[PDB]
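Same protein, same chain, two forms; see structure 1 and structure 2 below, as structure tokens.
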Structure 1
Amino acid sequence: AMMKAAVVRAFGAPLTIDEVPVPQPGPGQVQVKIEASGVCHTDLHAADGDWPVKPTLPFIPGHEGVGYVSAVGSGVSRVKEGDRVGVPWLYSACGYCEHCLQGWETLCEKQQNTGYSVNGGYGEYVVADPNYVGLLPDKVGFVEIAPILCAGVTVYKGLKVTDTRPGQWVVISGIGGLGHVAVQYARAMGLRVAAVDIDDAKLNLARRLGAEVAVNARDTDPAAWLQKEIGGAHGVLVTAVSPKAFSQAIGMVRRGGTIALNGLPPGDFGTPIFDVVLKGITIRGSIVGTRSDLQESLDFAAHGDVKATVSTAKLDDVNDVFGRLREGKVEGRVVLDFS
């Protein structure tokens, strides 16, 4: 009846580790026992409450929780006790709005979000909607699979909406937490991959993961270089959306090409409409994804095509993890290990 969990009580404050009541599932709900729980920058923004729509205090963060179905409410048929599931950002949606009926539930105006508008996975247990959980692959461990619920589906869907075709070129801009996962999806999707970053080790990693071309933006203008070397990319996935990354993306793409934006930066970005219109460039926003996107993302992991860089930490130490993220001292993804 009691469990440990990291709670946000004041925006900007450190999280407190508490013993709170174990959530019980009602009709059409399930309870999940958390075995691992991914951490990412979205959790920082949730804890700082610096986005337009804020979480309601207090709340348990975490939209990358994975574990076992430990209890089942009435009317549940998709999963059963013992099943390995994840509880992603899309906690639930209404299921009958236009978006939901067309398989774009990720756009549902009535959606709830895990570890944001409802309690998430920074706890030993969590109550989820079984219609929206991710069904985890048998072959992949909890720690390794957790980031796929977030980083994985985000970059996979992002790549899909670049509208690129096997054999065509895609630039992965930024080979960090998201980017290094993106390279692997891109290669698995038959794309020729160009990696762009400012860190030579990250570029090497990209090459190892499948990138045929890699350019260090500190040593050379990536736009001019790529235009010359590959004739511009058919697609660009921008995983870290800084003003510079945005501008460079526009310069790197070939005529008729598409730029997909994964990040959520603040402010207005300078956009060369003249060039975009003239060059017939498309700019498209894409974050997370639908249930089908998620299952597809998980399958690539199961098949051995994608493996996130993961490092573990304990629930108790979640505040140290946050600190490391804030300072940009994390390489890969960090995952809380509950076992």
Structure 2
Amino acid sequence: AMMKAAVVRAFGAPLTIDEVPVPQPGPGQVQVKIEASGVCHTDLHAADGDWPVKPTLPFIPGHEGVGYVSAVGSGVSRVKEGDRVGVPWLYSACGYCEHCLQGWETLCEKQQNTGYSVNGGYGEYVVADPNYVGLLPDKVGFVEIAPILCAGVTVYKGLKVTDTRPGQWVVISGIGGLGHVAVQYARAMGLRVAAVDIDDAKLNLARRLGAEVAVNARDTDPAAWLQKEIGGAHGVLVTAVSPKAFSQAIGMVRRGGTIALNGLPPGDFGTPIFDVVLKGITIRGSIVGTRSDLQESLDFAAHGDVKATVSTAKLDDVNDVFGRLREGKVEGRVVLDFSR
């Protein structure tokens, strides 16, 4: 069989919409017929070769692909044909290293990454490791659930690792694909939410989604503003694609506060070490979520506590989508629609 897929063939170059072979599931693998496929900013970082470790070219991006199991290889019991599943960033892990045994498979040094080290969901079919797919809730449609496979699970786990508790303040910095669902997870977890971004439209979205307080970092120093407005936050989750946002986040917390980092812009951010030590501050990287995190994050969507703000596009318009996302012209998430 042949399928349409969007392929990266050179860093910085436009993706090509090609006819390519349909991947077939070997022993212990499954095939997924894609119905929707979220576009994550990581897909841009990948196509641009922003990161120190680059993807092997050529490859099909996409780690928010969701659909139906369409074929099953031998030795598969976790899922069966017809099951609704998603294939997230964590494509597989080895299952028995120290991290894996501890339930931290997101740290597995042997992991594969969907739409980066193996082909992903910007295509009609993808082959997956059924041990690591998301099992989707019946009550949510493919387009709406697609962003939970990366944006949702990532911010959910990120918020968990801020070590905040109900009634405390959390700042979400960057109200984009990740950030706009972070506001909702944070509210679902009993947190009071402050929003920071550099575009009023994104702050307006945060407001509609439950923020409480919001500030535009292009209009004022957001750290100073938050110290005055809420007395500093207990936690911050940084989903921004700007190193400057990372530095500013450090100044947003109360003493003892924790800044969790999801954003992956290239380079360093300036860190005020003296203050971090004097004020007992924690800065913590957070990387997607484990299968447990993923299933939990999906249940929030199923219960209606989180709903992604989504616009759809066709596979053939991926390059325009990438452009708009680069320019910061996307509200929430774009999700590629493969439905009939």
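For numbering, take structure 1's sequence and count from 1. What we label the rigid core is the largest C-alpha set whose atoms superpose within 1.5 Å from one form to the other.
Colleague: So which one of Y132, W89, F142, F246 actually moves, Cα shift of 2 Å or more between structure 1 and structure 2 once the core is superposed?
Modeller: Result of the comparison: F246.
Colleague: Taking the rigid core as the superposition reference, indicate whether the CA of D200 shifts 2 angstroms or more between structure 1 and structure 2.
Modeller: It does, since the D200 C-alpha is displaced 2 Å or more between structure 1 and structure 2 after the core fit.
Colleague: Once both forms sit on the same rigid core, is the C-alpha displacement of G231 at or above 2 Å between structure 1 and structure 2?
Modeller: For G231, whose C-alpha is compared between structure 1 and structure 2 after core superposition, the shift is 2 Å or more.
Colleague: After core superposition, I'd like to know whether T220 moves between structure 1 and structure 2 (criterion: C-alpha shift of 2 angstroms or more).
Modeller: Where the cores coincide, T220 still shows a C-alpha shift between structure 1 and structure 2 that is 2 Å or more.
Colleague: What does the CA of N119 shift by between structure 1 and structure 2 after fitting on the core? Give it in Å to one decimal.
Modeller: The alpha-carbon displacement, core-superposed, is 0.4 Å.
Colleague: Give the rigid core superposed Cα shift of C40 between structure 1 and structure 2, in Å, rounded to one decimal.
Modeller: A shift of 1.6 Å at the C-alpha.
Colleague: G174: how large is its C-alpha shift between structure 1 and structure 2, with the rigid core as the superposition reference, in Å?
Modeller: So the C-alpha of this residue moves 2.6 Å.
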